[PDB]
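Peer 1: Right, I'll just put the structure down here and ask away after.
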Amino acid sequence: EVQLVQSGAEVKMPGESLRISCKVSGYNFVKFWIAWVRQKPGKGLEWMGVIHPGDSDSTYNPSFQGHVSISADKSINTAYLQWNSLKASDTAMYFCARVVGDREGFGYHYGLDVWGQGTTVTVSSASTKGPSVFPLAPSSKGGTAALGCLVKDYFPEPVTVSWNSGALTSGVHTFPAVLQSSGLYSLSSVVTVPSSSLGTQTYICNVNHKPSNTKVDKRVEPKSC
Amino acid sequence: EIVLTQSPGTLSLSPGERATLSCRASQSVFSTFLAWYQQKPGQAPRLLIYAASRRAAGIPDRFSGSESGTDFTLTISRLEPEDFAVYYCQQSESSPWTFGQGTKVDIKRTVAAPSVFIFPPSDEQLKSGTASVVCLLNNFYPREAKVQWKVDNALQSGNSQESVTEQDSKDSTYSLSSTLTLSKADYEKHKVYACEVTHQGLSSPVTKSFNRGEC
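So the protein sequences, as listed, match chains G and B. Using the authors' numbering, the letters of the first sequence correspond one by one to residues 1 to 141, 145 to 228. Taking the authors' numbering, the leading residue of the second sequence gets 1, the next gets one more, and so forth.
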């Protein structure tokens, strides 16, 4: 089986160097080109460049050239994507992929037939930081009420949110986090419940931020006058 | 640079239905160099078709491709639940190799208007110098929804961010959060906070509001 195994998730500061790897198996590494593809969070695919392992002369997309380097070490079946100085704009998922083409020396390429699992790169001025958890308190309003928790200013991803220690699952929505201009993430977790349950049923959001070993249990109540 | 334009941006279909996706090249792309990929959330893309019409290894026969001039088509003859994903086209004829912007195939269902909710910033957060005002659009369909923030009837711009959930596994709806971020000083300078929601399922736009310091 042909496999492309990429290195683990990276969390870096602007100006730091970084080399991510793609180790291949199941075929002759020098008989196929390798491509690198960038995918920004919630965005489409962008071709970065290609390398023919061995005759290490890399071809770049002009918009990527100069800021990133593509190289390969045929002795260890590994392709690399490398930056000397990261920018917050380098935050994205990176994929390596095997290129397929003709068998007659035309130099034609058809596409990327086998892809690596991807490597997430997060570039931010922030250091590890646990979230502040604020209530999204239900209004004095078919008889459905909404309540939630605002999980603010944490780094890096991820946070998990459960409600009433996992007993409350129906109607729960935990939104994807947004990376704020400060370099810290923010997300909200909400639940719709019967309005008649407000003040009779306890609602607690259980937030866990494993990177900072932060566990917060926030009781969410209607705001008193 | 060869620009590939995919159409439509989103296809809303039911399992069992036919899906027809288009990819138009800015200049002539010879059929051998046009490929299609499928990408699922949290997964790498997968090669579906190469050379405009040839199925990649292990790809089922419900997937096919065809060309007509600068227009390339990917057809899914009968959608299976695993086919609701994002599809990209790519050309490898000219450097730089380029991708289309993608077409999302989502699950079709009846129109559902959002339930709208507004949340003021907590007293706890205000102690920090920042105020976050949250507007929730709950369980709606289709995806298209417009959220506009008003502070003392002044239309807001550039100070809000939206996040959307993936289509719900049980009811095929979307949910959306919009967060308005203000300094504590600006928050305390104004009284009326409102979010106005426009959606296909709402006969009139729905406005949810609160007055700062009222219950």
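Built from N, CA and C at the ideal position, the CB exists for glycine as well.
Output, in sequence order along the chain, the residues in the stretch 124-149 of chain B whose CB is closer than 9 Å to any CB in chain G.
Peer 2: Here the close residues are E124, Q125, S128, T130, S132, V134, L136, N138 and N139.
Peer 1: For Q161/B, tell me which candidate among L180/B, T110/B, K208/B and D106/B has the shortest Cα-Cα distance.
Peer 2: If you number the second sequence from 1, residue 161/B lands on position 161. Nearest of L180/B, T110/B, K208/B and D106/B to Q161/B, Cα basis: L180/B.
Peer 1: Anything in chain G within Cβ reach of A51/B, meaning under 9 Å, just list it in chain order.
Peer 2: Numbered from its first residue, the second sequence carries residue 51/B at position 51. Here the neighbours are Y110 and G111.
Peer 1: Step through the CB atoms of chain B and report whether any lies within less than 8 Å of the CB of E160/G.
Peer 2: The residue labelled residue 160/G in the question sits at position 157 within the first sequence. It does not; no Cβ of chain B falls within 8 Å.
Peer 1: Could you check whether the Cβ of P8/B sits closer than 8 Å to any Cβ belonging to chain G?
Peer 2: As a working note, residue 8/B is residue 8 in the second sequence. No Cβ of chain G is located within less than 8 Å of the beta carbon of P8/B.
Peer 1: Which of the residues in the stretch 186-207 of chain G, read from start to end, lie with their CB under 8 Å from any CB of chain B?
Peer 2: Listed by position along the chain: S189, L190, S191, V193 and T195.
Peer 1: Would you call the CB atoms of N138/B and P114/B closer than 8 Å?
Peer 2: Counting from 1 along the second sequence, the entry for residue 138/B is found at position 138. Counting from 1 along the second sequence, the entry for residue 114/B is found at position 114. Going by C-beta atoms, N138/B is nearer than 8 Å to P114/B.
Peer 1: Along the chain, where does the beta strand (DSSP E) containing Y187/B start, and where does it finish?
Peer 2: Position 187 of the second sequence, counting from 1, holds the residue named residue 187/B. Counting along the chain, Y187/B falls outside any beta strand (DSSP E), though it belongs to the alpha helix (DSSP H) covering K184 to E188.
Peer 1: So what's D102/G in DSSP terms, helix, strand or just coil?
Peer 2: If you number the first sequence from 1, residue 102/G lands on position 102. In this structure, DSSP gives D102/G a state outside helix and strand, which the three-state scheme calls coil.
Peer 1: Who are the Cβ neighbours of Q38/B in its own chain at under 6 Å, not counting the five residues just before and after it?
Peer 2: Position 38 of the second sequence, counting from 1, holds the residue named residue 38/B. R46, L48, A85 and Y87.
Peer 1: Can you tell me the Cα-Cα spacing of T198/B and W115/G, whole angstroms?
Peer 2: By 1-based counting over the second sequence, the position of residue 198/B is 198. By 1-based counting over the first sequence, the position of residue 115/G is 115. Roughly 41 Å separates the two Cα atoms.
Peer 1: Counting C-beta neighbours from all protein chains within 10 Å, is the total for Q27/B 16 or more, i.e. buried, or is it exposed?
Peer 2: One-based indexing of the second sequence puts residue 27/B at position 27. Classification of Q27/B: exposed, given that the 10 Å Cβ count is below 16.
Peer 1: Tell me the residue span of the alpha helix (DSSP H) that contains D71/B.
Peer 2: One-based indexing of the second sequence puts residue 71/B at position 71. Premise fails: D71/B lies in the beta strand (DSSP E), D71 to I76, not in any alpha helix (DSSP H).
Peer 1: For the candidate residues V111/B, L202/B and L79/B, whose alpha-carbon lies nearest to that of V147/B?
Peer 2: For the purposes of this step, residue 147/B is taken as the residue at position 147 of the second sequence. Nearest of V111/B, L202/B and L79/B to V147/B, Cα basis: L202/B.
Peer 1: Going along the stretch 49-80 of chain G in order, which residues come within less than 7 Å of chain B, judged by CB to CB distance?
Peer 2: Within the stretch 49-80 of chain G, the residues whose Cβ lies closer than 7 Å to any Cβ of chain B are, in chain order, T59, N61 and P62.
Peer 1: Excluding the five sequence neighbours on either side, which residues of its own chain have a C-beta within less than 8 Å of the C-beta of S66/B, listed in chain order?
Peer 2: If you number the second sequence from 1, residue 66/B lands on position 66. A52, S53, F72, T73 and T75.
Peer 1: Whose Cβ in chain B lies nearer than 7 Å to the Cβ of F134/G?
Peer 2: Walking along the first sequence from the start, residue 134/G turns up at place 134. Under the 7 Å cutoff, chain B gives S122, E124 and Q125.
Peer 1: Closest by CA to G213/B, which one among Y187/B, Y174/B and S204/B?
Peer 2: Counted from its first residue, the second sequence places residue 213/B at position 213. Among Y187/B, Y174/B and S204/B, the Cα nearest to that of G213/B belongs to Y187/B.
Peer 1: Once DSSP output is grouped into helix, strand and coil, what is the label at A79/G?
Peer 2: Here residue 79/G refers to the residue found at position 79 of the first sequence. In this structure, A79/G counts as strand in the three-state DSSP scheme.
Peer 1: Tell me, please, whether the CB atom of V219/G is closer than 8 Å to any CB atom in chain B?
Peer 2: Residue numbering aside, residue 219/G sits at position 216 when the first sequence is read from its first letter. Chain B, which has no Cβ nearer than 8 Å to the Cβ of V219/G, makes this no.
Peer 1: Tell me which same chain residues have a C-beta within less than 8 Å of the C-beta of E160/G, skipping the five on either side of it?
Peer 2: Within the first sequence, numbered from 1, the residue matching residue 160/G stands at position 157. So the list reads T122, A180 and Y188, once near-sequence residues are dropped.
Peer 1: When you compare only the Cα positions, how much space is there between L182/B and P135/G?
Peer 2: What you label residue 182/B is simply residue 182 of the second sequence in a count that begins at 1. What you label residue 135/G is simply residue 135 of the first sequence in a count that begins at 1. The straight-line gap from Cα to Cα measures roughly 17 Å.
Peer 1: Could you tell me the distance, in whole angstroms, from the CA atom of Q200/B to the CA atom of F140/B?
Peer 2: Reading the second sequence from its first residue, position 200 is the one you call residue 200/B. Reading the second sequence from its first residue, position 140 is the one you call residue 140/B. Looking at the two C-alpha atoms, the distance is approximately 10 Å.
Peer 1: Could you tell me whether the Cβ atoms of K208/B and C195/B are closer together than 8 Å?
Peer 2: The residue labelled residue 208/B in the question sits at position 208 within the second sequence. The residue labelled residue 195/B in the question sits at position 195 within the second sequence. Their beta carbons are under 8 Å apart, which means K208/B touches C195/B by this criterion.
Peer 1: Check the Cβ of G102/B against every Cβ in chain G and list those closer than 8 Å, keeping chain order.
Peer 2: Working through the second sequence from its first residue, we reach residue 102/B at position 102. Chain G residues near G102/B: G44 and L45.
Peer 1: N167/G by DSSP, collapsed to three states: which one?
Peer 2: The residue you call residue 167/G lines up with position 164 of the first sequence. Helix, per DSSP.
Peer 1: Taking DSSP as the reference, what is the three-state secondary structure of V206/B?
Peer 2: Taking the second sequence and counting its residues from 1, one reaches residue 206/B at position 206. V206/B: strand per DSSP, three-state reduction.
Peer 1: Among the candidates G202/G, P131/G and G146/G, whose CA atom is the shortest distance from the CA of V210/G?
Peer 2: The residue you call residue 210/G lines up with position 207 of the first sequence. If we check each option's Cα against that of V210/G, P131/G comes out closest.
Peer 1: Is it buried or exposed for residue 144/G, if we count other Cβ within 10 angstroms and need 16 for buried?
Peer 2: Here chain G breaks off after 141 and picks up again at 145, leaving residue 144/G without coordinates.
Peer 1: Roughly how many whole angstroms lie between the Cα atoms of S200/G and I207/G?
Peer 2: As a position in the first sequence, residue 200/G is number 197, starting the count at 1. As a position in the first sequence, residue 207/G is number 204, starting the count at 1. Their backbone Cα atoms lie some 13 Å apart in a straight line.
Peer 1: Can you list, in chain order, the residues of its chain whose CB lies under 7 Å from that of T130/B, leaving out five sequence neighbours each side?
Peer 2: Mapped onto the second sequence, residue 130/B falls at position 130. Spatial neighbours of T130/B in its own chain (CB-CB distance under 7 Å, excluding positions within 5 residues in sequence) are listed in chain order as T181, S183 and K184.
Peer 1: Could you check where the alpha helix (DSSP H) with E124/B kicks off and where it finishes?
Peer 2: Sequence index remark: in the second sequence, residue 124/B carries index 124 (1-based). Element bounds for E124/B: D123 to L126.
Peer 1: Restricting to Cα atoms, I'd like to know which of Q204/G, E104/G, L153/G and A149/G is closest to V194/G.
Peer 2: Position 191 of the first sequence holds residue 194/G. Answer by Cα proximity: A149/G.
Peer 1: Does the beta carbon of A44/B sit closer than 8 Å to a beta carbon anywhere in chain G?
Peer 2: Residue numbering aside, residue 44/B sits at position 44 when the second sequence is read from its first letter. Yes, because at least one Cβ of chain G sits closer than 8 Å to the Cβ of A44/B.
Peer 1: Taking CB distances under 8 Å as the criterion, tell me whether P96/B reaches chain G.
Peer 2: Start at 1 with the first residue of the second sequence, and residue 96/B comes out as number 96. Yes, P96/B counts as interfacial toward chain G.
Peer 1: Drop a sphere of 10 angstroms on the beta-carbon of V192/B, count the other beta-carbons inside from all chains shown, and report buried for 16 or more, exposed for fewer.
Peer 2: Within the second sequence, residue 192/B is the residue found at index 192, counting from 1. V192/B counts as exposed, since fewer than 16 other C-beta atoms from the protein chains shown sit within 10 angstroms of its C-beta.
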